[PDB]
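1. Whatever this is, show me its structure:
(4 chains, ligands or ions: 8)
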Protein chains: 4
Amino acid sequence: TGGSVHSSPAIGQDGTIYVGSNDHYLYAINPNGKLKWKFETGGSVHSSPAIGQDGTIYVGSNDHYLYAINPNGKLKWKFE
Amino acid sequence: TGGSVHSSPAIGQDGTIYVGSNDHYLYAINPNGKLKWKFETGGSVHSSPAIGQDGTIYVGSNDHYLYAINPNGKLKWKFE
Amino acid sequence: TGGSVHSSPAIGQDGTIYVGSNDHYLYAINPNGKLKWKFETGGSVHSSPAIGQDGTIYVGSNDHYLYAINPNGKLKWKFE
Amino acid sequence: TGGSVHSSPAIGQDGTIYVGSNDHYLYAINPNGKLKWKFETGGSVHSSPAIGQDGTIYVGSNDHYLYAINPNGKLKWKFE
Ligand SMILES: [Co+2]
Ligand SMILES: [Co+2]
Ligand SMILES: [Co+2]
Ligand SMILES: [Co+2]
Ligand SMILES: [Co+2]
Ligand SMILES: [Co+2]
Ligand SMILES: [Co+2]
Ligand SMILES: [Co+2]
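-> Numbering: from 1, shown residues only, chains lettered A, B, ... in the order given. Ligands and ions are numbered 1, 2, ... in the order given. Pasting the structure now:
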């Protein structure tokens, strides 16, 4: 990643690994080590992601928001 | 939220997302991104919440307390 | 507690809540909010506890050790 | 360990305890408190490890990488 990986990884139902970085992104990494997608927030993603029953990925950011990200890497919503 | 979301979200049995904020609050957010409730502690909620078998939400605060919050957002107890 | 509760709580099989504090202790709190026991390490317990299959509670400390604590609050071992 | 254990332990299917240290290593500790192996990254391992379905251990490092480590302590891959 572009900065410290302070965030703790979460593992999806299909093995996808999700983790934040101080480079401001939430990363979705395939089990083979190849990027699935990254999603840019406005600040360090120190928070560790959680995965909902429908696969939504939730994570906080130092930009003050809680993010809900769809499994395909598109924003679902953010809460300030 | 009002400050960095350092805390890592927890997901309840009904999909509710709980997370602390450096704005001093524990947040309960519905899966649709709308606030269910927030609970104010005396300092940053860096700690990440855990959910008990009866749904109680437990989280630490930089105000020195461990909080137990009922699912409706009312204080159950705090331990110094 | 005596200092910031940075650590994230873990919940045991019987509902006991375990959490570290920057006051250097690992706390075991009953679901009713009353202390079961506390265990003193040599520095802040920022690490969040994990519970093994036999109930052992594991947590790191800023004193450089990983601690294994028995369910009764007595040290099992520490690893430097 | 050689430095603060900020990381939060993860427990494997066989009881192995995995945790990072600010000494830059990911540690695998047997339930008896004896080292199984340690793996050196390039910076503090503040991130808390997660365990995949095949036992792979994933953890971030302040060296900017997400690491995937095999259960025997050998690198599987790292993602920058
Ligand atoms: Co750096
Ligand atoms: Co930045
Ligand atoms: Co801010
Ligand atoms: Co404040
Ligand atoms: Co204080
Ligand atoms: Co101290
Ligand atoms: Co030290
Ligand atoms: Co260093």
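2. what's across from residue A:38 in the sheet?
-> Note on residue A:38: beta-bridge partners residue A:27, judged by DSSP bridges.
3. That one against residue A:73, yeah?
-> Yes - using C-beta atoms under 8 Å, residue A:38 and residue A:73 qualify as a contacting pair, with a distance of 7.2 Å. Where you see a C-beta, it was placed from the backbone N, CA and C, and this is true even at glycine.
4. Identify the contacts common to those two.
-> Common neighbours of residue A:38 and residue A:73, using C-beta atoms under 8 Å, 6 or more residues apart in numbering or on different chains, are residue A:28.
5. now residue A:68, nearest residue through space, not along the chain?
-> The shortest distance from residue A:68 to any non-neighbouring residue, by C-beta to C-beta, 6 or more residues apart in numbering or on different chains, is to residue A:76 (4.1 Å).
6. With only the CA atoms kept, save the one helix or strand the one you found maps to in CSV.
-> Here residue A:76 is covered by strand A:75-79, with elements defined by DSSP states H and E. These are the backbone C-alpha positions of strand A:75-79, laid out as CSV (Å, rounded to 0.1, in the frame of the first residue of the first chain):
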residue,chain,number,x,y,z
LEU,A,75,-19.7,3.4,-2.2
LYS,A,76,-23.0,2.3,-0.6
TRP,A,77,-23.1,5.2,1.9
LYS,A,78,-21.1,7.2,4.4
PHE,A,79,-22.2,8.5,7.7
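7. what packs against it?
-> Taking 3 or more C-beta pairs under 8 Å, 6 or more residues apart in numbering or on different chains; DSSP states H and E as contact, the helices and strands that strand A:75-79 lies on are strand A:66-69.
8. wouldn't residue A:60 be in contact with residue B:3 here?
-> No - contact criterion C-beta under 8 Å: residue A:60 and residue B:3 do not qualify, at 10.3 Å.
9. Check the contact lists of these two and give me the overlap.
-> Residues touching both residue A:60 and residue B:3 (C-beta under 8 Å, 6+ apart): residue B:21.
10. Between the two, tell me which one has more neighbours.
-> Under the criterion of other C-beta atoms under 10 Å in any protein chain shown, the comparison of residue A:60 against residue B:3 puts residue A:60 first, with 34 against 15.
11. What is the burial count for the nearest residue to the more buried one once chain neighbours are set aside?
-> In space, not counting the residues next to it along the chain, residue A:60 is nearest to residue B:5; the distance is 2.6 Å by C-beta to C-beta, 6+ apart. Residues within reach of residue B:5, counting by other C-beta under 10 Å, total 32.
12. how close does residue A:39 sit to chain B?
-> In this structure, residue A:39 and chain B are separated by 15 Å, where distance is defined by C-beta to the nearest C-beta, to the nearest Å.
13. Just give the closest residue to the residue located most distally from the centre of chain A, not the sequence neighbours.
-> Ranked by distance from the centre of chain A (C-alpha atoms, centre = their mean), the top residue is residue A:32, with 17.5 Å. Of all residues beyond its chain neighbours, the one nearest residue A:32 is residue D:77 (7.5 Å), with distances taken as C-beta to C-beta, 6+ apart.
14. The residue most central in space within chain A: what's its closest spatial neighbour, skipping adjacent residues?
-> When C-alpha atoms, centre = their mean is applied to chain A, the residue found nearest the centroid is residue A:26 (3.2 Å). Here the nearest residue to residue A:26 in space, its sequence neighbours aside, is residue A:39; by C-beta to C-beta, 6+ apart that works out to 4.6 Å.
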